[PDB]
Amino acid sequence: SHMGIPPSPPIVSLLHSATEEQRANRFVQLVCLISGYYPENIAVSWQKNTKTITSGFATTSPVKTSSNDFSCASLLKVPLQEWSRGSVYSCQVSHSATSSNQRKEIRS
């Protein structure tokens, strides 16, 4: 018997906001929320319309929730232009400890 926290796969949720400053500064903010995973080790990657996204994204350092969990957010600013081309944006989350590969897609 060796105790320990069960590894758990991240809960992944992709969210959009297009408010006024956002619409004005000619961009659109997407949040890839990744929460509830243990251990911390994750790989995050963004795609547009099948194909990868090279830059324009930051991922926050993870925080430890009250659940002995980790949450973090991956932040992508997408050109407002590029938002109604009927573009599909996806983030993909990898968690080796749980052998988990996750993805959520979002479109205009």
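Note that residue numbering begins at 1 and tracks the sequence as displayed.
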statement: Avg C-alpha B-factor, entry values, 77-85 vs 32-40, higher side is 77-85
query: Mean C-alpha B-factor higher for 87-95, or for 20-28?
result: 20-28
query: If you compare 65, 45, 59, 49, which has the highest Cα B-factor in the entry?
result: 49
- prompt: If you rank every modelled residue in this chain by C-alpha B factor, which third holds residue 108: lowest, middle or highest?
  reply: highest
query: Looking at the C-alpha B-factor of residue 1, is it in the lowest, middle or highest third of its chain?
result: highest
